[PDB]
Structure formats: C-alpha cells, structure tokens
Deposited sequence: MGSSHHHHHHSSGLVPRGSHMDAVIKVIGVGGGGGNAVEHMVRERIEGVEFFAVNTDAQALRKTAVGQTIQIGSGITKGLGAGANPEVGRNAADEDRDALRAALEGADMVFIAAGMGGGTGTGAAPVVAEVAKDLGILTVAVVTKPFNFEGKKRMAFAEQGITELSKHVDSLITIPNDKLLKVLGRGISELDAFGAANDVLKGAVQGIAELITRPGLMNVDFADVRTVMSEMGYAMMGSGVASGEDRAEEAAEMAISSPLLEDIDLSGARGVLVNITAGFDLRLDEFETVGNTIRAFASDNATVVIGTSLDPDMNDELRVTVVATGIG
C-alpha cells in the first residue's frame, strides 16, 4: 500500500543530478536514468537505466540537437511507459539546453501524464556563458515541457552561482543540491511522514495541473527553530522575486527528528499563512528524519505562480 514515487534523470545533466540524489539519499523513492548515451548508462550508480534510441550517433555533434533526444524518446515510448506504469508520482530532472534532456524530458513527462500520474519537473537553464544557442534550446524545451507536466520548477544556473577552486563539477553541484532539495522536500512528505502526515490528495491538490512553481528552504536550531526555518525559506534567494500570496498553492515540508512538536507545526503554519493568500490552497506536512538532532528544516514550494 506504500506510495510508488519514481525520480527520472534525463540526459547527462539530469543523470548527474539524480546520481547526487542517490548519493545523498531520498527516502522511499525509485531512481531511473534515461539517456541516449549508452556509456553514461553503463557508468551510472542509478539502479535502473533506460536506453532511448539506438545509442549509435549518426553524425558528429548531432546529439546536441533536441530533435535527436525527442526522436530517441519517441522510438522507445513503450519502454518509458512500462517503467512509469503504476507510479503515484513521477519527478523529472533535466539540465535543459543539450540534446537529450531538452528533447526527451517532455516525452517522458507526457508518457507519465497520459498514464494519469502526478508529474513534477525540476529542471535547470544553462549558464549564460554556455552561449545563446543552448539558452534558446533550453527555453524552447521548457515551453514544450510545460505542456506535459503538472508543476514545473525552473532553476536558472545564473541565479544560483564563479571563481578559483570552483570546478565545473562544483558549479553544477549547486544546481544538484537545489534539484535534490525540491524532489526530497515534496516526496518525503509521502514516504517518511512525521507526526502530522500530509494526505497525498492534498499534495495532488496543490501540484496537479498547477503550472509554474518555485522552492525555497531554510534550516535552524535553537528555541525558535520553527519560525526561523520558515522565515529563512520564505526569504531564500529563489523566492525573493515571488510573493507567496500570488501562488494558487503552497506545499510545506517541515523535516526534523523525533522531537518535532505540535506547537512547532502550528508555528510554521502560522508563518506560512501570514505570507500566503486566503484565495489559495495551503498544505503543511512533516517528515521524520531520525538522524536530525536539534535542527529543523522548512521547505516551501509555491505552486500555480504566474
């Protein structure tokens, strides 16, 4: 009777983000890597892999065009459907701007949508330094992805992060952490509830067919940890341009250890409701992380923003 939650990394960037999720852990989800790149699929620690297309490139540099990723996913739509069938929720992670993520992520999303599965995408846009062509590919793919998902969180790499000692691996680590934070913050309300369990219908109510979304998070310890974590999440760099009262939905995850108090649940809810609209749907849940002592995290997902 447990929830079935699948997290799909599409292409190299998305596969890299999901590999980070595997290393850092998200409780109770199943991880998949979808890629045209057969070598990436051999190397990945992600437990389930799905090859799309033949895995043989028919032209030098051809794999950078989103049409190749789209055509590859379309050729293997049966394998995508068979992997997704039976899920209660699917997350799609991609770095937009390449050929595979950009082109194949909207195909994966539509397969999930057509199966009736609540589908949330968490994707990045390329750094400005990657050039206008990749940015144009990324934005065109986000237009297409937005037609096939219930909620879309778009993280511009330019907003997150460059200087000495910061490698390319380090630069994408920041994006990986945000993508993980969004997937973890939503999924773990279902897979590892604390004293106030959210009901999945409430997750569906604030995420199904909602459109654009954005996440912020905060963490605090001490006597006032609950209000402080919530205030930090609302003031997070990703929510700075977003008024929470313009969000048709708000989903909130309070994560902490065994001591999470009902009065802390009430405090967080009071804080979030102070910022949210009365003409919206608000959902506050908790997750239990037995390894957390003192610390309390609040993750806020504003949905239906525009």
Regions left out of the model, expressed as runs of the deposited sequence counted from 1: 1-20, 182-183
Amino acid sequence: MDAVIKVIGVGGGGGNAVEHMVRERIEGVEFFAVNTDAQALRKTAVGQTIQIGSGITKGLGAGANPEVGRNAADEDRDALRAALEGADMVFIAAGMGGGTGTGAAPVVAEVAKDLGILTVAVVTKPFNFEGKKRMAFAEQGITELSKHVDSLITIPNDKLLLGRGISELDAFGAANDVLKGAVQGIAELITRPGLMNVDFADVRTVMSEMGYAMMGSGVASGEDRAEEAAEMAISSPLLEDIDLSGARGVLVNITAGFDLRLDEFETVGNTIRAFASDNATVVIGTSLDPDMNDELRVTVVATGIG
From here on, numbers count along this sequence of modelled residues.
Between 285-293 and 16-24 (mean CA B-factor, as deposited), the higher: 285-293
Average Cα temperature factor in the PDB entry - higher stretch of 176-184, 202-210: 202-210
From 29, 274, 252, 38, residue of greatest CA B-factor: 274
Residue selected from 110, 144, 223, 76 by maximal Cα B factor: 223
Chain thirds of CA B-factor: placement of residue 91: lowest
Residue 162 - which third its CA temperature factor falls in, relative to the rest of the chain: highest
Where the record places residue 7 (Cα B-factor, split into thirds across the chain): lowest
Residue 305 - Cα temperature factor, lowest/middle/highest third of chain: middle
Third of the chain's Cα B-factor distribution that residue 44 belongs to, per the entry: middle
